[PDB]
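This is my_file30.pdb (PDB, C-alpha atoms).
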ATOM      1  CA  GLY A   3      33.914 116.104 289.869
ATOM      2  CA  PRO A   4      31.597 117.953 287.485
ATOM      3  CA  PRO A   5      29.774 121.110 288.644
ATOM      4  CA  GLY A   6      26.624 120.451 290.637
ATOM      5  CA  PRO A   7      23.070 120.830 289.354
ATOM      6  CA  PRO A   8      21.395 124.193 288.848
ATOM      7  CA  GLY A   9      19.873 125.896 291.846
ATOM      8  CA  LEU A  10      16.155 125.709 292.633
ATOM      9  CA  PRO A  11      13.851 128.163 290.863
ATOM     10  CA  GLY A  12      13.277 131.394 292.702
ATOM     11  CA  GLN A  13      10.232 131.773 294.853
ATOM     12  CA  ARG A  14       7.286 133.444 293.158
ATOM     13  CA  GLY A  15       6.755 137.111 293.911
ATOM     14  CA  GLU A  16       4.313 138.491 296.423
ATOM     15  CA  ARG A  17       0.753 139.273 295.324
ATOM     16  CA  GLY A  18       0.265 142.774 294.032
ATOM     17  CA  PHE A  19      -1.299 145.509 296.081
ATOM     18  CA  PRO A  20      -5.060 146.115 295.826
ATOM     19  CA  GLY A  21      -6.089 148.386 292.993
ATOM     20  CA  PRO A  22      -6.986 152.090 293.291
ATOM     21  CA  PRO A  23     -10.579 153.281 293.930
ATOM     22  CA  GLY A  24     -13.071 153.544 291.127
ATOM     23  CA  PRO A  25     -14.143 157.058 289.995
ATOM     24  CA  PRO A  26     -17.022 158.936 291.658
ATOM     25  CA  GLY A  27     -20.476 157.747 290.789
ATOM     26  CA  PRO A  28     -22.587 159.671 288.284
ATOM     27  CA  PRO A  29     -24.410 162.830 289.476
ATOM     28  CA  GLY A  30     -27.861 162.580 291.020
TER      29      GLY A  30
ATOM     30  CA  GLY B   3      34.549 112.815 291.389
ATOM     31  CA  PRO B   4      30.865 113.135 292.480
ATOM     32  CA  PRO B   5      28.849 116.124 291.218
ATOM     33  CA  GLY B   6      29.231 119.328 293.207
ATOM     34  CA  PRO B   7      26.439 120.699 295.367
ATOM     35  CA  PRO B   8      23.350 122.332 293.867
ATOM     36  CA  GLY B   9      23.542 125.984 293.013
ATOM     37  CA  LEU B  10      21.902 128.706 295.042
ATOM     38  CA  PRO B  11      18.157 129.210 294.743
ATOM     39  CA  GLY B  12      17.111 131.782 292.195
ATOM     40  CA  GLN B  13      16.174 135.334 293.072
ATOM     41  CA  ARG B  14      12.682 135.817 294.446
ATOM     42  CA  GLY B  15      10.219 137.064 291.831
ATOM     43  CA  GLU B  16       9.004 140.652 291.914
ATOM     44  CA  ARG B  17       5.709 141.720 293.393
ATOM     45  CA  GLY B  18       2.644 141.295 291.147
ATOM     46  CA  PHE B  19       1.103 144.218 289.386
ATOM     47  CA  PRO B  20      -1.365 146.374 291.349
ATOM     48  CA  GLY B  21      -4.994 145.293 291.124
ATOM     49  CA  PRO B  22      -7.401 146.828 288.609
ATOM     50  CA  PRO B  23      -9.290 150.033 289.441
ATOM     51  CA  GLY B  24     -12.433 149.548 291.477
ATOM     52  CA  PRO B  25     -15.876 150.095 289.961
ATOM     53  CA  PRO B  26     -17.544 153.514 289.655
ATOM     54  CA  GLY B  27     -19.232 154.717 292.829
ATOM     55  CA  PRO B  28     -23.027 154.710 293.271
ATOM     56  CA  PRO B  29     -25.160 157.432 291.651
ATOM     57  CA  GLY B  30     -25.536 160.640 293.668
TER      58      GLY B  30
ATOM     59  CA  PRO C   1      36.433 115.047 295.231
ATOM     60  CA  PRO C   2      33.027 116.686 294.671
ATOM     61  CA  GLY C   3      32.822 119.285 291.905
ATOM     62  CA  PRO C   4      32.108 123.030 292.289
ATOM     63  CA  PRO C   5      28.568 124.311 292.994
ATOM     64  CA  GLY C   6      26.070 124.390 290.181
ATOM     65  CA  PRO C   7      24.869 127.720 288.787
ATOM     66  CA  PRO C   8      22.232 129.783 290.578
ATOM     67  CA  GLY C   9      18.617 128.928 289.903
ATOM     68  CA  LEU C  10      16.415 130.934 287.611
ATOM     69  CA  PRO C  11      14.558 133.980 288.947
ATOM     70  CA  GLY C  12      11.102 133.499 290.352
ATOM     71  CA  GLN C  13       7.895 134.255 288.483
ATOM     72  CA  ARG C  14       6.300 137.667 289.043
ATOM     73  CA  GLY C  15       3.577 137.578 291.708
ATOM     74  CA  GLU C  16      -0.160 137.407 291.016
ATOM     75  CA  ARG C  17      -2.189 140.523 290.109
ATOM     76  CA  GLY C  18      -3.534 142.483 293.038
ATOM     77  CA  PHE C  19      -7.199 142.291 293.964
ATOM     78  CA  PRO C  20      -9.623 144.776 292.329
ATOM     79  CA  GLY C  21      -9.849 148.178 294.016
ATOM     80  CA  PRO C  22     -12.908 149.367 295.960
ATOM     81  CA  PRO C  23     -15.864 151.387 294.608
ATOM     82  CA  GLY C  24     -15.421 155.074 294.006
ATOM     83  CA  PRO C  25     -17.312 157.525 296.214
ATOM     84  CA  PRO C  26     -20.989 158.325 295.674
ATOM     85  CA  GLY C  27     -21.704 160.793 292.929
ATOM     86  CA  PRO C  28     -22.639 164.422 293.775
ATOM     87  CA  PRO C  29     -26.284 165.573 294.205
TER      88      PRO C  29
END

Before anything else, please render the file you have as structure tokens.
Amino acid sequence: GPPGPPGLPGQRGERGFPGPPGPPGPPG
Amino acid sequence: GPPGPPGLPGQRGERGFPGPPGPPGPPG
Amino acid sequence: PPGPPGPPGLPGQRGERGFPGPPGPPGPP
């Protein structure tokens, strides 16, 4: 017989990590 | 002959990009 | 008989962007 159909698409990746902190606030 | 079986699932996607930087902190 | 297996599937999409980071620390006095 002919080759079978293509495989399923890969699972989507995991969500990225949370971003880094913002800089210090401005001086008082 | 009938078609062969489906192919293997694709490779899992890579992790998403890290999140954006947080905001600036509060004024001192 | 049945044929050979099909080709592997396409790679997955890259994951979603991470959540925004937290505030920075308070500024100095």

For this session: Excluding range 10-12 of chain A and any residue of its chain fewer than 3 positions from it, enumerate the residues within 9 Å of it, using all atoms listed in the file, and give them as a PyMOL selection string.
Result: (chain A and resi 15) or (chain B and resi 8-15) or (chain C and resi 8-13)

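The space between CA of residue 24 in chain A and CA of residue 23 in chain B spans 5.4 Å.
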
For this session: Find the residues near residue 3 in chain A: any atom within 9 Å, counting only C-alpha atoms, skip ones fewer than 3 places away on the same chain, and give them as a PyMOL selection string.
Result: (chain A and resi 6) or (chain B and resi 3-6) or (chain C and resi 1-4)

Could you dump the residues just selected with C-alpha atoms as a tab-separated table (two decimals), in the coordinates of the input?
chain	number	residue	atom	x	y	z
A	6	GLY	CA	26.62	120.45	290.64
B	3	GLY	CA	34.55	112.82	291.39
B	4	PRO	CA	30.86	113.14	292.48
B	5	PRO	CA	28.85	116.12	291.22
B	6	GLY	CA	29.23	119.33	293.21
C	1	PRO	CA	36.43	115.05	295.23
C	2	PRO	CA	33.03	116.69	294.67
C	3	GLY	CA	32.82	119.28	291.90
C	4	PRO	CA	32.11	123.03	292.29

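A straight line drawn from CA of residue 15 in chain C to CA of residue 20 in chain A is 12.8 Å long.
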
Output, as a PDB file with C-alpha atoms, in the frame of the given file, the coordinates of chain A following least-squares superposition onto chain B across all in-order C-alpha pairs.
ATOM      1  CA  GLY A   3      35.437 113.545 292.289  1.00  0.00           C
ATOM      2  CA  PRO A   4      31.698 113.440 292.984  1.00  0.00           C
ATOM      3  CA  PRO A   5      29.371 116.003 291.356  1.00  0.00           C
ATOM      4  CA  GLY A   6      29.251 119.348 293.124  1.00  0.00           C
ATOM      5  CA  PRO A   7      26.418 120.589 295.327  1.00  0.00           C
ATOM      6  CA  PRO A   8      23.104 121.811 293.950  1.00  0.00           C
ATOM      7  CA  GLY A   9      22.896 125.356 292.687  1.00  0.00           C
ATOM      8  CA  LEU A  10      21.499 128.198 294.797  1.00  0.00           C
ATOM      9  CA  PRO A  11      17.725 128.667 294.849  1.00  0.00           C
ATOM     10  CA  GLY A  12      16.390 131.007 292.223  1.00  0.00           C
ATOM     11  CA  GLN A  13      15.751 134.592 293.105  1.00  0.00           C
ATOM     12  CA  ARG A  14      12.181 135.372 294.102  1.00  0.00           C
ATOM     13  CA  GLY A  15       9.982 136.924 291.446  1.00  0.00           C
ATOM     14  CA  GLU A  16       9.223 140.597 291.114  1.00  0.00           C
ATOM     15  CA  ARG A  17       6.232 142.056 292.964  1.00  0.00           C
ATOM     16  CA  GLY A  18       3.015 141.971 291.014  1.00  0.00           C
ATOM     17  CA  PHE A  19       1.593 144.990 289.284  1.00  0.00           C
ATOM     18  CA  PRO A  20      -0.918 147.192 291.134  1.00  0.00           C
ATOM     19  CA  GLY A  21      -4.499 146.030 290.883  1.00  0.00           C
ATOM     20  CA  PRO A  22      -7.170 147.459 288.552  1.00  0.00           C
ATOM     21  CA  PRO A  23      -9.465 150.353 289.599  1.00  0.00           C
ATOM     22  CA  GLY A  24     -12.518 149.752 291.710  1.00  0.00           C
ATOM     23  CA  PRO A  25     -15.962 150.149 290.049  1.00  0.00           C
ATOM     24  CA  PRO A  26     -17.745 153.520 289.854  1.00  0.00           C
ATOM     25  CA  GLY A  27     -19.292 154.745 293.049  1.00  0.00           C
ATOM     26  CA  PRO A  28     -23.038 154.434 293.602  1.00  0.00           C
ATOM     27  CA  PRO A  29     -25.347 157.023 291.962  1.00  0.00           C
ATOM     28  CA  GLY A  30     -26.139 160.276 293.736  1.00  0.00           C
TER      29      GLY A  30
END

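Going from CA of residue 22 in chain B over to CA of residue 18 in chain C, you cover 7.3 Å.
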
Exercise. For residue 18 in chain A, which residue among C:16, C:6, C:23, C:29 is the nearest when counting only C-alpha atoms?
Worked result: C:16

For this session: Would you kindly translate the PyMOL selection byres ((chain A and resi 28) around 7) into the concrete residues it picks from this file, as a PyMOL selection string?
Result: (chain A and resi 26-27+29-30) or (chain B and resi 29-30) or (chain C and resi 27)

Selection from above, C-alpha atoms, as an mmCIF file, in the frame of the given file, can you write it?
data_model
loop_
_atom_site.group_PDB
_atom_site.id
_atom_site.type_symbol
_atom_site.label_atom_id
_atom_site.label_comp_id
_atom_site.auth_asym_id
_atom_site.auth_seq_id
_atom_site.Cartn_x
_atom_site.Cartn_y
_atom_site.Cartn_z
ATOM 1 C CA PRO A 26 -17.022 158.936 291.658
ATOM 2 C CA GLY A 27 -20.476 157.747 290.789
ATOM 3 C CA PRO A 29 -24.410 162.830 289.476
ATOM 4 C CA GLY A 30 -27.861 162.580 291.020
ATOM 5 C CA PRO B 29 -25.160 157.432 291.651
ATOM 6 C CA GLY B 30 -25.536 160.640 293.668
ATOM 7 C CA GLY C 27 -21.704 160.793 292.929
#

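Residue nearest residue 19 in chain A within the list C:26, C:19, C:5, C:14: C:19 [criterion: smallest interatomic distance, all atoms listed in the file].
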